[PDB]
Amino acid sequence: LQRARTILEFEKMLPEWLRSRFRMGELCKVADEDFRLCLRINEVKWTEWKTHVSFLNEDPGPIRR
Amino acid sequence: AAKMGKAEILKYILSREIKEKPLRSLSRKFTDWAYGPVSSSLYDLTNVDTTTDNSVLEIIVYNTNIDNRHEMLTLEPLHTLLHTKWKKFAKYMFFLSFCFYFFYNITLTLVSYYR
Amino acid sequence: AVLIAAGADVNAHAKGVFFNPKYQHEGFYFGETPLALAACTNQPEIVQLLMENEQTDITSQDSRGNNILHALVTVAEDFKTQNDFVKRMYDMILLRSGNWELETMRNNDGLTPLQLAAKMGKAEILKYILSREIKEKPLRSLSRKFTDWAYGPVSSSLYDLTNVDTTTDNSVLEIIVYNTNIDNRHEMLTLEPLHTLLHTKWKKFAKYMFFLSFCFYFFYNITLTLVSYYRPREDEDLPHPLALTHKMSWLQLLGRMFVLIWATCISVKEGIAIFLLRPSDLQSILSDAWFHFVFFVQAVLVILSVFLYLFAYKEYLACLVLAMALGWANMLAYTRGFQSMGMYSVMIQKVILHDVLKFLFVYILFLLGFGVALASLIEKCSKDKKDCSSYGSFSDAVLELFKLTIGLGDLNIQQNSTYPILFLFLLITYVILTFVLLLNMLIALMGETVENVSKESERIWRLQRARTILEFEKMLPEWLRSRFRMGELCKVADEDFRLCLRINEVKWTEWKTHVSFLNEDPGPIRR
Amino acid sequence: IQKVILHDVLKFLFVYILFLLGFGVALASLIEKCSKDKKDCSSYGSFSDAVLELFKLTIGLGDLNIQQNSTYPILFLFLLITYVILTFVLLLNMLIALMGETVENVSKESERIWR
Ligand code: NA
Ligand code: NA
């Protein structure tokens with residue numbers, strides 16, 4: 001918490017155009033039209049094996065090419 | 001959920017995996033690709049980081065009145081995002097503020113002891 | 001099974017930018033054979049399906065030279081974060097079709113899959129690989145364990161020991177002891193063929209080669225002590241670092257050539273020992289190569305005193321006195337052989353790293369910080385005892401304030417200047433800061449760690465005497481007459497009488513009829 | 001009181017004597033100096049004086065002096081602050097933490113041993 005109190009203070013006292021992008025920007029959600037709402041990436045591990053129904057891409061790990 | 005301090009409803013609101021496909025639009029979570037036990041999750045982040053006014057990271061950090069702030073920053077879109085914002089601009093802006101202040105007190109020290 | 005009967009390729013090796021290093025990046029190194037991710041992703045029914053197919057290869061290597069078994073070793077991580085099917089997927093694939101040929105196979109970088117359990121640090125698969133009791137008699141040949149005789153609750157076990165002890169190159173005891181990169185070394189030496197074998201190798205040659213190295217070094221520092229306290233001095237500024245006595249009564253001639261030989265021999269031995277392993281700046285230079293480093297600092301520091309005699313510096317006594325104080329403090333290394341002092345020598349080693357090193361950075365910041373403030377008041381043109389020839393600088397305000405932690409004498413708040421209810425204020429600020437707050441942190445902080453470390457301080461000590469036995473055995477270039485083992489005792493085969501063995505014991509529970517046995521119930525050798 | 005003269009201070013007194021004797025000879029090899037301590041013709045300043053001036057640093061001594069002594073007194077001051085860091089703040093404070101672990105381990109069965 002105590003280093004969380006400083007990061008939101010330095011980011012508030014940084015009046016640039018905020019070039020530092022922390023996030024995947026404008027990556028697609030599941031819709032025919034709604035391509036918005038910039039995103040984040042994390043990882044999962046071993047248990048609870050199941051067939052995977054909902055997915056976004058045809059199994060790459062990074063961006064394709 | 002943030003300002004009242006209700007932690008258990010806030011663990012649900014950030015993930016909210018929706019299995020059924022006709023209404024997967026309203027989820028805050030998407031499995032990008034799986035291939036087995038190494039799947040790449042993806043959180044929504046539309047009202048979380050300080051990019052608008054009064055976002056849910058700015059409430060839960062700056063707040064009084066709650067004894068449950070330090071536990072609620074364990075949650076997943078709030079946890080990795082503080083790691084990223086530390087990684088690319090805070091680590092310098094903290095160590096430069098250290099260097100601007102460690103060099104400050106030496107200049108106050110030498111002028112009031114030596115001469 | 002439709003696609004298998006259709007005629008798909010069962011042996012297709014998928015290369016690419018998976019098996020990426022950094023598991024976080026895309027990453028699923030599983031071997032790349034189609035048999036492997038059947039076994040790797042916990043699919044036991046389809047493991048049976050691929051093994052029934054006669055077209056399926058089992059022996060086929062991969063991009064890293066790895067077979068089926070090298071891949072299945074390097075995915076386990078724990079018992080906790082898995083159902084532990086890797087132990088039974090390992091067993092299902094050997095018995096289904098297996099000779100020794102699939103086990104002995106080395107990979108691209110020349111590494112047995114037994115050794116791959118060691119260097120990767122997979123502990124749970126390594127408990128299985130050393131025992132591996134095989135019940136069914138047509139394939140008891142591939143076991144690493146044999147019940148010799150039972151007679152009830154006192155049965156005599158027997159471990160295989162074919163690639164374990166340092167009798168070949170790069171054996172699984174030599175990996176797991178000398179290794180960095182793992183936090184799981186001290187737990188893995190609890191396992192049975194690794195545990196009793198260190199007890200045997202300690203019993204017959206290490207106990208002497210450790211206590212003789214103690215006697216060769218305790219008698220060393222006394223000869224360095226007496227020559228630099230009793231007779232350095234004769235009347236002039238003649239340097240004379242190690243006394244000679246060219247005249248009769250051969251004592252200092254014998255004493256000088258005693259030190260200069262043993263200082264060189266302890267330098268060349270450690271100078272090759274430190275030029276074997278590369279630490280990384282912390283945590284590996286501080287645990288395994290610390291007393292390799294402390295001896296080497298002492299050894300160069302003694303032979304440097306000879307070159308202080310070369311053309312007569314001023315440092316011939318001031319350097320050699322540092323070798324004496326450090327020469328007694330590293331005697332605390334050689335009390336590693338004892339048991340009860342062994343646990344004490346890790347709870348003194350860990351708390352100079354964990355609790356007082358955090359302390360000395362905080363305490364110096366208060367020592368220096370209040371140090372300048374009292375020094376800025378002390379000047380006063382009245383400073384301390386007629387300040388014309390006397391003192392009263394900054395360091396005097398450190399020596400009058402470092403002495404407030406221990407007994408000083410009289411704490412004076414007298415003749416000093418402009419506002420002595422500020423000079424009295426910063427003094428009682430300092431005693432409240434570090435006499436009653438910041439020193440008494442340390443007893444409470446040490447009290448938390450020594451009940452956190454001394455639940456596993458024993459096994460860390462077992463590692464530290466394991467680091468010495470494999471060093472003395474490596475520095476013993478004889479023909480190794482000391483036999484630690486039953487030699488060439490028979491395995492269960494018509495022809496294969498080889499693979500020298502080991503003996504251990506079992507006790508009361510789980511009563512059963514004894515099927516597999518080697519002899520008709522003797523306890524020792526017959527006759 | 002009977003078990004901790006066997007279990008904790010007996011490990012202590014072997015380690016502390018090794019630092020008492022070990023730094024004892026090193027300060028004794030510097031103290032001689034032909035200036036040793038208060039007109040060294042009839043007076044003293046042998047090895048045991050460098051033990052009595054250094055056994056007294058555990059308890060109250062009087063004045064710790066770093067004065068008139070010889071060739072490099074930023075080594076004589078260095079070994080003194082080496083000793084106080086070794087046994088005033090490290091090796092004595094082991095013992096309270098070590099005793100604190102045993103008397104909650106023995107005093108669950110200290111009654112029956114008394115019986
Ligand atoms: Na305590
Ligand atoms: Na005192």
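Just so you know, the numbers here start at 1 and follow the chain as drawn.
According to its header, the structure was obtained by electron microscopy, 4.1 Å.
Keep in mind that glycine also has a Cβ here, set from the backbone N, Cα and C atoms.
Range annotated as intramembrane segment by Swiss-Prot, chosen from C:104-129, C:390-415, C:494-519: C:390-415. Relative to the membrane, C:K247 and C:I285 are recorded by Swiss-Prot on opposite sides. The DSSP secondary structure for C:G407 (Na(+) binding site) is coil. Sequence-distant neighbours of the topological domain 'Extracellular' (C:310-314) (same chain, 6+ residues past either end, Cβ-Cβ under 8 Å): 239. Within the chain carrying the repeat 'ANK 6' (C:109-131), a Cβ under 8 angstroms from the stretch's Cβ atoms is held by residues 64-65, 67, 69-70, 73-74, 76-79, 84, 86-87, 90-91, 103, 144-145, 159, 163-164, 170-172, 175-176, 179, 181-185, 187-188, 191-194, all 6 or more beyond its ends.
Remote same-chain residues near the topological domain 'Extracellular' (C:378-389) are listed as 396-397, 415-418 (criterion: CB distance under 8 Å, separation of at least six residues from the stretch ends).
Around C:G407 (Na(+) binding site), no same-chain residue at least 6 positions away in sequence has a Cβ under 8 Å from its Cβ.
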